[PDB]
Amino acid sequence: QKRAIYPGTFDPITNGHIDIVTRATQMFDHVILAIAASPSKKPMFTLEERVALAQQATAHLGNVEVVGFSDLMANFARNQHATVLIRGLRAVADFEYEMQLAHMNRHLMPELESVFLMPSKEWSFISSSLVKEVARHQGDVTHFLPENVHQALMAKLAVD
């Protein structure tokens, strides 16, 4: 029935993202966790690494499929026949930017309905950018990450 897309850079996937995609799969029949290449952001992890990490971290969720994309999100969503666009909404969100994006995406593909889900209190306050900054500066971020991502981040920073 409903095909939902949950797009982002997922660099790397965090426990907050796991929370959101878990809620989405309880609500919609099929969820595509869609990872944007985003070369302009100079991601810490390559697209291949991000896809592999997200695949492992969502392996227990049967109706999640992880796939990378390099086009405009709406162009990808259209070709994949998604009709629901999953967004996270939490306490520290840039709320107006999220409203900008939802209006732009409705302009681009009105048949794709933005829906906002809210994570647990535990994951309401921390961005993945702060997680990476803290880890790179020798702070403990294990609490925020799936174990496979924890291992990959330790290795990435060790060789960096």
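From 1 onward, residues are counted along the sequence shown. For the two forms, the rigid core is made up of the largest set of C-alpha atoms that agree within 1.5 Å on superposition.
Root-mean-square C-alpha deviation from the shown form, taken over all structures in 8 other deposited structures of this protein superposed by the rigid core, is larger for 87-95 than for the alternative among 30-38 and 87-95. The PDB entry reports B-factors from which the mean C-alpha value can be compared for 86-94 and 73-81; the larger average falls on 86-94.
The deposited model assigns a higher average Cα B-factor to 26-34 than to the other stretch when 102-110 and 26-34 are compared. Looking at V115, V131, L61, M118, the one whose CA carries the top B-factor in the deposited record is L61. Residue-level temperature factors show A57 in the highest third of its chain, judged at the C-alpha atom.
In the deposited entry, the Cα temperature factor of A4 places it in the lowest third of its chain's modelled residues.
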